[PDB]
Amino acid sequence: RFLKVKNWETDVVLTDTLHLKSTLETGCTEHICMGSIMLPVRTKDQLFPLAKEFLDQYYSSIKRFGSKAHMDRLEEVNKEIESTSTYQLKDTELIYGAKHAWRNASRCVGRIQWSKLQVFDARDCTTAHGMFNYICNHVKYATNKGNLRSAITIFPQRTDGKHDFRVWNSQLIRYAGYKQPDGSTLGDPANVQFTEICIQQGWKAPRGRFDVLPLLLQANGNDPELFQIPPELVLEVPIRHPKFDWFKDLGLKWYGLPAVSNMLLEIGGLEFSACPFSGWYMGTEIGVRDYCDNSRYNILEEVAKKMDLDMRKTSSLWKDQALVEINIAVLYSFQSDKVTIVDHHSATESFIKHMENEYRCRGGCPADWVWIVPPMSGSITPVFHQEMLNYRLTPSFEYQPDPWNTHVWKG
Amino acid sequence: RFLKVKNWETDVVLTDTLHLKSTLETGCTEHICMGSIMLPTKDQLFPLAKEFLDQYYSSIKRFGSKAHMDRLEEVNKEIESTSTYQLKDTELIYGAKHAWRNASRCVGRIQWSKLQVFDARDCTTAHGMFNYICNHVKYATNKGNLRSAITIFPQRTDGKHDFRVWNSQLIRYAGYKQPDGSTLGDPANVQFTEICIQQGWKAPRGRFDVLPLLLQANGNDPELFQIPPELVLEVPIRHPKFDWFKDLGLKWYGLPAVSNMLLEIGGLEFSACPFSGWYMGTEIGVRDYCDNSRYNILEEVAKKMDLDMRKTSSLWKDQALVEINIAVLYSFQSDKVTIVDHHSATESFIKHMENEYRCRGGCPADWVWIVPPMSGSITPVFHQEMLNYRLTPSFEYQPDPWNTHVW
Ligand code: HEM
Ligand code: HEM
Ligand SMILES: C[C@H](O)[C@H](O)[C@H]1CNc2nc(N)[nH]c(=O)c2N1
Ligand SMILES: C[C@H](O)[C@H](O)[C@H]1CNc2nc(N)[nH]c(=O)c2N1
Ligand SMILES: CSCC(=N)NCCC[C@H](N)C(=O)O
Ligand SMILES: CSCC(=N)NCCC[C@H](N)C(=O)O
Ligand SMILES: [Zn+2]
C-alpha cells in the first residue's frame with residue numbers, strides 16, 4: 001500500500017512505501033492520535049529475527065543480498081546467539097547501524113547530514129575512567145575548534161541489563177541548575193535534579209549561573225563516578241547583539257557542542273545504553289527554548305525591560321519582539337566566533353530537500369511534524385506546510401529512563 | 001483506557017476518559033501517525049439518532065425519563081416511515097454548540113456555549129439564503145463588537161437537493177491570475193474568483209475586492225449576490241510606530257465566517273451552515289499576509305524597514321513578521337473591532353482544556369492546529385500534550401461544490 005503527503009505551499013505530492021517496512025508501534029490508534037505526547041533482558045527467542053532483519057538491510061545496502069558473505073554471516077550470528085545468547089556486530093555493521101539510527105530519527109530536522117557521522121567504537125571500554133577518556137576524545141574531535149563535526153561514541157551493549165554502561169548526563173555539556181531556598185533557581189532549571197545528584201556524589205559546585213556540569217559515568221553496571229571535562233575542551237560563546245550594546249551586559253553565554261547522552265541505540269536487536277552523539281545547533285534551540293522557555297533561563301522579561309518595550313499588554317507582542325532579538329544575537333555570536341550553528345530557515349529548507357530526496361531514493365522519510373517545526377516563526381518555514389508521516393524504523397534512538405531511577409546501588 | 005496528558009512547562013497532569021466515547025476514525029494506526037495530514041440509510045441513521053438523543057437527554061439531566069424514551073420512539077417512528085427526521089429546536093441548538101465544542105482544531109472553544117444559532121431550515125431559495133446570510137453578517141459583526149453565530153440551512157435529503165454556500169468564507173478577497181504570471185489579490189481564492197466571473201461577476205480587479213456570495217438552494221444552480229458593502233466591516237492596517245506602514249495599502253475584514261463546512265448532528269447532515277466568530281491576530285498577520293502562497297508581503301515590508309535581507313541568518317523575515325502582526329492587532333484595536341492575540345487566546349484555551357477535563361473528562365485537541373504559526377513555544381499550548389479524537393456532533397470538511405454539482 002502507498003500513502004501520499006502533500007506540501008500545501010508548492011503542491012508537491014510524495015508517495016511513501018517505506019512505512020511498510022515498519023513494526024514498532026506509534027502510540028496512536030484509529031480512535032486516538034498521540035502525535036503530541038512527548039513519550040508515548042531480551043530473549044534468544046526474539047533476538048535472531050531482529051538480527052536477521054538488520055543483516056538483511058545491511059547486506060541489501062552494500063548490494064550483497066543473498067551473497068555467500070551474507071549467508072555465512074546469518075549462520076554465524078545465528079550460531080553465536082544460540083551459543084552465547086547475544087552477538088557482536090562487525091565494525092561495518094555498527095557504523096551502518098548508527099548512521100541508520102540517525103537517518104530514521106523522525107524528530108530530527110538535521111538529518112540531511114546523516115551519512116557524515118564519525119563513529120567511535122568504545123566497545124572495548126570497561127571502566128568509567130575509560131569512559132571519560134573516550135568522551136573527552138569525542139568532545140575534542142567534534143568541537144574541531146568551532147568547526148563542528150558530527151560524531152557518536154558507542155560503549156558496550158547491554159547483556160543481562162545488570163551490567164549497563166550509562167552516561168548519567170542528559171548531555172555531555174550542560175550548565176548546572178541550583179534551586180535556592182527562596183524558591184528561585186540559579187542556572188539552568190532543566191538540570192537541577194541531576195545537579196543535586198552530582199553534588200551528592202561529591203561535586204563541589206561553583207554555584208554560578210553557567211557552571212559546566214561534571215560528567216557522571218557508569219561502566220559495566222557499577223556505581224557511576226564524577227569527572228571534570230577539561231575546560232580547554234569546552235568551547236563556549238559569549239552572547240552579544242549586532243546592534244544592542246547592552247546585550248552583552250546580560251551576562252549570557254552558551255556552549256557550542258550539543259551532544260545528547262541519555263538515549264539508547266538499538267541495532268539488530270542489541271541495545272547500547274551509552275551512545276552519546278553530537279552534531280551542531282540550530283539557533284532556536286538556544287535562543288527560543290534554552291533562553292526563553294518559562295521553565296529554562298526565562299530571559300524574555302529582562303531583555304524586554306532593556307529594550308524598554310510596552311510590557312503592560314501582551315498584544316504589544318513585546319514577548320515576540322524580544323524573542324527575535326535574542327535569536328539574532330545567538331546566531332550573530334556563533335558566526336562571529338566561527339562556531340558552527342544553523343538558523344531555522346536554512347535548517348528547515350535543507351530538511352525539505354533531504355526529505356524529498358529520501359522519498360525518491362528510499363520510498364519515505366519518517367518525520368515528526370510537532371518536532372520538526374521550529375518553536376518560533378512556524379509558518380514562515382517550509383516544514384509547517386509539509387504533511388509528514390511518522391513511523392518507527394530500526395535501527396533507532398530510543399528514550400530510556402533516568403538511571404538514578406533504575407540503578408541498583410552497590411555502594 | 002484512561003489517558004494522561006501532561007503540561008511540561010507547569011507539570012500539571014490531566015486524565016482523559018472522554019476519548020472512550022470517541023466514535024469516528026482518525027487516520028492514524030499503531031504503525032503510522034497522520035497527525036499532520038490536513039484531510040486524513042434507515043439502518044445507519046437510527047443508531048446515530050439514538051446516540052445523539054441519549055447525550056442530549058443526559059445533558060438536560062433527563063436520561064432515561066419518559067420524555068427521553070418518547071422522543072426516541074417518535075424519532076424512531078419518523079425514520080422508519082420517512083427515512084429521515086427533524087430536530088427539535090432545542091436539539092438543533094445543543095447540536096451546534098457541541099459541534100463547536102468538539103472541534104479539535106479550534107483554539108477559541110472557551111467561547112463554545114455562547115453561540116447564537118439561527119435556524120434557516122425554512123429557507124427554500126438562494127435569495128432566501130442571501131437574506132439569512134446578511135442578517136447573520138450584521139448580527140455577528142455588531143458594529144465591531146463581534147458575536148459568535150451559525151446559520152443552519154435545511155439538512156441534506158437525497159444529496160441531490162443540497163444547500164451549499166460556494167464561498168469558502170462569507171467574506172473573502174478575490175484572486176486574479178495575470179498575463180504577468182503574477183497574482184493580484186488573494187491567490188487562495190483564484191479559482192473561485194474565476195467561477196464567479198464565469199458566472200457574471202464584474203470583478204473590479206483590484207487587490208482587496210470583497211467576493212460576491214454564490215448560493216445554491218435545494219440543489220439548484222447557484223446564484224451571485226453582493227453583500228451590502230455597509231455590512232462588510234473592514235480595517236485599514238497601520239502600524240503604531242511605522243508611519244510608512246499605511247502606504248503598503250493593506251486592509252482586512254473584521255468577520256471570519258467559515259462557510260464551506262458540513263455540520264453533522266444526530267446523523268443528519270447540514271451542508272450549508274456558515275459560522276463565524278472572530279480573529280486571532282496571527283491568522284491574518286502570519287498566514288493571510290505572509291504565507292508565501294497568500295499575500296506574501298514579507299519581501300516588501302522588510303524593504304520598508306531597511307533590514308539586511310542579504311542572509312536568512314539576520315532573521316529579517318522574523319523581524320518583519322512580528323511588526324506586521326503588531327500592526328494588525330493595533331489596527332483592529334484602534335478601530336474597536338474584536339480581535340484576539342495568540343498569547344491571550346492560547347492562555348484561554350489552556351483554561352478551557354482544564355475546564356473540560358474536570359467537567360467533561362477530556363477535550364479533544366489537535367496540537368498541530370492549536371499552536372500558533374508564530375512564537376509557538378512562548379505560547380503555553382506548545383508545552384501542552386493534547387489527545388486528538390473525533391466526537392460527534394461535529395463539523396467536517398466536504399468536497400468543493402463545483403467538483404460535484406451537476407449543472
Ligand atoms: C548536524 C547537526 C544537527 C542538527 C542541526 C540537528 C537538529 C536537531 C534538533 C533542532 C532537534 C530537536 C531537538 C530539541 O528540540 O530538543 C533534533 C532532535 C534529534 N536529533 Fe538531530 N540534529 C543534528 C545532528 C544529529 C545527530 C548527529 C544525531 C545522532 C546521530 C541526531 C539525532 C537526533 C535525535 C535522536 C533527536 C530527537 C531527540 C529527542 O527525541 O529528544 N541529530 N535534532
Ligand atoms: C469566537 C472566537 C474564535 C476564535 C478566536 C477561533 C479560533 C480559531 C482558529 C485560530 C482556528 C484555526 C483556523 C485556521 O488556522 O484556519 C480555528 C479553526 C476552527 N474553528 Fe474556531 N474560533 C472562534 C470561533 C469559532 C466558532 C463560533 C466556531 C463554530 C461554531 C468555530 C469552529 C472552528 C472549526 C470547525 C475550526 C477548524 C476549521 C478548519 O479545519 O479549517 N470557531 N478557530
Ligand atoms: C507537548 C509537546 O509535544 C512538547 O512540548 C514538544 C512539542 N514540540 C517540540 N519540538 C522540539 N523540537 N523539541 C521539544 O522539546 C518539543 N516539545
Ligand atoms: C501540513 C500541515 O498539517 C498544515 O500546514 C497545517 C499545520 N497547522 C495548521 N494550523 C492551523 N491553525 N491552520 C492551518 O491551516 C494549518 N496548516
Ligand atoms: C545531537 S545534537 C542535535 C541538536 N542539534 N540538538 C540536540 C538537542 C539539543 C538541545 N535542544 C539543546 O538546546 O541543548
Ligand atoms: C469561524 S471563525 C474562526 C476563526 N477565527 N478563523 C477561522 C478561519 C479563518 C482564517 N484563518 C482566515 O485567516 O481567514
Ligand atoms: Zn497520530
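Below, read A as the first sequence line, B as the second, and so on, with proteins coming before strands; counting in each chain starts at 1. The figures that follow rest on heavy atoms only: side chains count, while hydrogens, waters and symmetry mates do not.
When all heavy atoms of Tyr391(A) and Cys365(A) are compared, the pair lying nearest together is OH-N, 3.5 Å. Minimum interatomic distance between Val383(A) and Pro374(A) (heavy atoms only, all atoms of both residues): CG2-CD, 3.9 Å. Among all heavy-atom pairs drawn from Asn169(A) and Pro214(A), the shortest one is ND2-O, 3.1 Å. When all heavy atoms of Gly287(A) and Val330(A) are compared, the closest pair comes out as CA-CG2, 4.0 Å. Between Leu265(A) and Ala98(A), the closest heavy-atom pair is CD2-CB, 4.3 Å. Scanning all heavy atoms of the two residues, the minimum distance from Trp409(A) to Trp168(A) falls at CZ2-CH2, 3.4 Å.
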Could you list the donor-acceptor pairs under 3.5 angstrom formed by side chains in residues 145-154 of chain A, with sequence neighbours left out?
{"from": "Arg149(A)", "atom 1": "NE", "to": "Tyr141(A)", "atom 2": "O", "distance (Å)": "3.2"}
{"from": "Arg149(A)", "atom 1": "NH2", "to": "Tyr141(A)", "atom 2": "O", "distance (Å)": "3.1"}
{"from": "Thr153(A)", "atom 1": "OG1", "to": "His138(A)", "atom 2": "ND1", "distance (Å)": "2.9"}

Which atom pairs, one a donor and one an acceptor, fall under 3.5 Å between side chains of residues 24-39 of chain A and the rest of the protein, sequence neighbours left out?
{"from": "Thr26(A)", "atom 1": "OG1", "to": "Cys28(A)", "atom 2": "N", "distance (Å)": "3.4"}
{"from": "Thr26(A)", "atom 1": "OG1", "to": "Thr29(B)", "atom 2": "O", "distance (Å)": "2.9"}
{"from": "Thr26(A)", "atom 1": "OG1", "to": "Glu30(B)", "atom 2": "O", "distance (Å)": "3.2"}
{"from": "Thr29(A)", "atom 1": "OG1", "to": "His31(A)", "atom 2": "N", "distance (Å)": "3.1"}
{"from": "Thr29(A)", "atom 1": "OG1", "to": "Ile32(A)", "atom 2": "N", "distance (Å)": "3.3"}
{"from": "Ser36(A)", "atom 1": "OG", "to": "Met386(B)", "atom 2": "N", "distance (Å)": "3.0"}
{"from": "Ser36(A)", "atom 1": "OG", "to": "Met386(B)", "atom 2": "O", "distance (Å)": "3.0"}

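Counting heavy atoms from C-beta on, the side chains of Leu50(A) and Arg42(A) come closer than 4.5 Å. Between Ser377(B) and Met376(A), every side-chain heavy-atom pair lies at or beyond the 4.5 Å cut-off. Using a 4.5 Å cut-off on side-chain heavy atoms (C-beta onward), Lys253(A) and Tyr175(A) make contact. In this structure, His407(A) and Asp223(A) have side chains that are in contact, with non-hydrogen atoms separated by less than 4.5 Å. Counting only heavy atoms from C-beta outward, the side chains of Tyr399(A) and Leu264(A) never approach each other to under 4.5 Å. Taking 4.5 Å as the limit, every side-chain heavy atom of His19(A) sits out of range of all side-chain heavy atoms of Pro366(A). Between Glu236(A) and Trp254(A) the shortest side-chain heavy-atom distance does not fall below 4.5 Å.
Between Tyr59(A) and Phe65(A), the ring center distance fails the sub-6.0 Å criterion. Checked against the 6.0 Å centroid threshold, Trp8(A) and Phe384(A) do not count as a close aromatic pair. Proximity of the aromatic rings of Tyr58(A) and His70(A) is defined here by a centroid distance below 6.0 angstrom, and this criterion is not met. A ring-centre distance under 6.0 Å is not found for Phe210(A) and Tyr255(A).
The residues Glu358(A) and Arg103(A) are annotated as salt-bridged, a charged nitrogen and a carboxylate oxygen being separated by less than 4.0 angstrom. Of the charged side-chain nitrogens involved, none lies within less than 4.0 Å of a carboxylate oxygen, so that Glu76(A) and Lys79(A) do not count as a salt-bridged pair. Salt-bridge annotation for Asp91(A) and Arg123(A): present, with a side-chain N of the basic residue lying under 4.0 Å from a carboxylate O of the acidic one.
Remark: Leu389(A) CG to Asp16(A) CG distance equals 5.0 Å, nearest 0.5 Å. One finds the NZ atom of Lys44(A) at 8.0 Å from the OG atom of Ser83(A) (value rounded to the nearest 0.5 Å). Here the CG-NE2 distance, from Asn220(A) to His163(A), works out to 5.5 Å after rounding to the nearest 0.5 Å.
Side-chain polar atoms of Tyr134(A) and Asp124(A) form a donor-acceptor pair below 3.5 angstrom. For the residue pair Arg174(A) / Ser170(A), a side-chain donor-acceptor distance below 3.5 Å is found, with atom types taken as modelled. Side-chain contact of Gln157(A) with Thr86(A): a donor-acceptor pair under 3.5 Å is present, judged by distance alone. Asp343(A) and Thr312(B) share a side-chain donor-acceptor pair at under 3.5 Å. In this structure, a donor-acceptor pair under 3.5 Å is present between the side chains of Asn390(A) and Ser106(A).
Remark: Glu232(A) CD is packed, more than 12 non-hydrogen atoms of other residues, nucleotides or ligands lying under 6.0 Å away. More than 12 non-hydrogen atoms from other residues, nucleotides or ligands lie less than 6.0 angstrom from NZ of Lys99(A).
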Walk me through it: do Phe272(A) and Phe397(A) pass the test ring pair (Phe, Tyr, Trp, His ring centres under 6.0 Å)?
CA-CA 9 Å; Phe272(A) 298 88; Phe397(A) 298 109; over 10 Å; no
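Annotation: salt bridge (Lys or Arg N to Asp or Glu O under 4.0 Å) contacts of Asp11(B) (sequence neighbours excluded): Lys6(B).
Remark: the backbone N or O of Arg64(A) is paired with a side-chain donor or acceptor of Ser67(A) at under 3.5 angstrom. Side-chain atoms of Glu93(A) come within 3.5 Å of backbone N or O of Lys90(A) as a donor-acceptor pair.
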